[PDB]
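Chemist: This is the structure I have questions about; it appears just below.
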Amino acid sequence: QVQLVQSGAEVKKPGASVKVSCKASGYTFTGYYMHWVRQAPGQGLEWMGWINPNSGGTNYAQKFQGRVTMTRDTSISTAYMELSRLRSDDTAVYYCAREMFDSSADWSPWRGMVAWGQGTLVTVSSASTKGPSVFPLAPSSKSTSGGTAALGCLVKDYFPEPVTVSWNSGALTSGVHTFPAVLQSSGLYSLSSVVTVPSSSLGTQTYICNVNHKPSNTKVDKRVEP
Amino acid sequence: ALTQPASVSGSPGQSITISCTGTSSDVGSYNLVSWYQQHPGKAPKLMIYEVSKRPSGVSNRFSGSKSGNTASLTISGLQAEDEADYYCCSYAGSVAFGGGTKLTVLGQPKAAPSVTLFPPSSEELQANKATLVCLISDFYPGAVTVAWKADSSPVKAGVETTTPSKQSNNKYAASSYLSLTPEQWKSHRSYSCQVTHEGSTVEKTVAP
């Protein structure tokens, strides 16, 4: 299995710079070109350039020449993209993507991108960064079920997207629904995550939501009890 | 820099074709058109490369061709899971994407919302705040109306509601939040979240 794992979301003020990493595994890192592609929220894909992890040569889209530098550390199979003099229309999900065939094949790196990182959201804003407040949502059997109950976590009043929520440190995945956030009139976001569990497990199994808001460097592990 | 329609629709089982037009310097001169499929909240997925070749494991319902300066993605026997955005791409001295095509599959049956309403937590009350949480899932089409009541009277202040958003099963989800003071929450008999979808209404009520 080929895998591209990117660094976590960031927030920046206008004029600063951001550096995103991409750790590759499952293949010979120096044999395939690495591209970087971004996507503003609700908009299309925009190529930024590529690096050859062998030799380290680069090629950049005209739009970003003189603002962007791509590098790699072959000793840890990691590519980097740094974008400077940031502006608010640089707000976007930044992806790394590996070329289709290796660099011996004719027409690499112009054929296509088979393997994609999970994406890194970077928000460029001059507004204040705010961390979430996390409140437990105690189990309720009223909706749902046949012998089940729904419980959750309310994640309130955080600014830059995104927030991630896992349950029991990733050991609980079936029945988890994390809802898209609302943007409130205050300019802050709020979301909820709910998991449906067996009712008979309530007195014996502990449920914890793991809330991660990387833009404020905040993690909350909130136990949800009856 | 390439031109494709912003949104197309077809019916299940039928075939549909999405066009991607460049110039004679790119699409017209090279056999280096690729196509990508992107579901909500996921990375793009490479569906076609070199105009007409399919990566391993991509369904043979997807095919590609080119004529003059226009490349074409064709999907046979459309299914509900084919709803997504589709991007074309071509060498052009650089990597050049089209603007993207949103594909909708008509004929999907109505699905009624499932509603969960949570009262404010004891922890939040101790922090001198109160939030009611109305979570709405599995509805289609993606249009919903949400209305809150304190006892029997309407409440419009402190209400925040998302636009419907597509989930993985092609049905939609939405959230509404009612912010109150602790004093307000404890001074009424009940509060209700009332969800209306395609003329039918679900109301859930909680009380202190």
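Respectively, the protein sequence lines represent chains A and B.
First residue of the first sequence: 1, per our numbering; consecutive thereafter.
First residue of the second sequence: 227, per our numbering; consecutive thereafter.
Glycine included, every Cβ here is placed at the ideal spot set by N, Cα and C.
(1) Does any CB atom of chain A fall closer than 8 Å to the CB of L329 of chain B?
(2) Determine the closest residue to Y33 of chain A out of A:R98, A:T71, A:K142, A:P215, with distance taken between C-alpha atoms.
(3) Pull the bridge partners of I76 of chain A from the DSSP assignment, please.
(4) Would you decide whether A400 of chain B is buried or exposed? Buried here means 16 or more other CB atoms lie within 10 Å of its CB.
(5) Against chain B, does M100 of chain A count as a neighbour if the rule is that its beta carbon must be under 8 Å from one of theirs?
(6) Pull the bridge partners of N59 of chain A from the DSSP assignment, please.
(7) For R72 of chain A versus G57 of chain A, is the C-beta distance shorter than 8 Å?
(8) Measure the C-alpha to C-alpha separation of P198 of chain A and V224 of chain A and round it to an integer number of angstroms.
(9) Just checking my contact of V341 of chain B with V421 of chain B at CB under 8 Å: how many whole Å lie between their CB atoms?
(10) Could you work out which residue in A:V2, A:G66, A:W107 is closest to residue 183 of chain B when comparing CA atoms only?
(11) Taking just the CA atoms, how far does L332 of chain B sit from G42 of chain A?
(12) Entirely within the stretch 351 to 410 of chain B and at least 3 residues each: give me those beta strand (DSSP E) ranges in chain order.
(13) State the Cα-Cα distance for the pair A306 of chain B and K355 of chain B, rounded to the nearest angstrom.
(14) Which residues in the same chain have their Cβ closer than 8 Å to the Cβ of residue 236 of chain A, if we skip the five residues on either side of it in sequence?
(15) Helix or strand or just coil, what does DSSP make of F323 of chain B?
(16) Is the CB of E349 of chain B under 8 Å away from at least one CB in chain A?
(17) If you compare alpha carbons, which of B:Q410, B:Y398, B:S260 is closest to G324 of chain B?
(18) Hey, how far is the Cα of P231 of chain B from the Cα of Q240 of chain B?
(19) Chain A beta carbons: is any one of them nearer than 8 Å to that of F365 of chain B?
(20) May I have the straight-line CA-CA distance separating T206 of chain A from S125 of chain A, to the nearest angstrom?
(21) Excluding the five sequence neighbours on either side, which residues of its own chain have a C-beta within less than 8 Å of the C-beta of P270 of chain B, listed in chain order?
Modeler: Reading from the atomic positions:
(1) no
(2) A:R98
(3) Looking at the DSSP assignment, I76 of chain A forms no beta bridge with any residue, so it has no partner.
(4) buried
(5) yes
(6) A:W50
(7) No. Outside cutoff.
(8) 14 Å
(9) 5 Å
(10) Missing from the structure shown is residue 183 of chain B; chain B here goes from 227 to 434 and no further.
(11) 22 Å
(12) Note on the stretch 351 to 410 of chain B: whole beta strand (DSSP E) runs with a minimum of 3 residues are 356 to 365, 371 to 376, 379 to 381, 385 to 387, 398 to 406, in chain order.
(13) 43 Å
(14) Given that chain A is displayed from residue 1 to residue 226, the structure contains no residue 236 of chain A and the question cannot be resolved.
(15) strand
(16) yes
(17) Checked all of B:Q410, B:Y398, B:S260; the closest Cα to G324 of chain B is B:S260.
(18) 19 Å
(19) no
(20) 39 Å
(21) Cβ neighbours of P270 of chain B beyond the five flanking positions: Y262, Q263, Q264, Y313.
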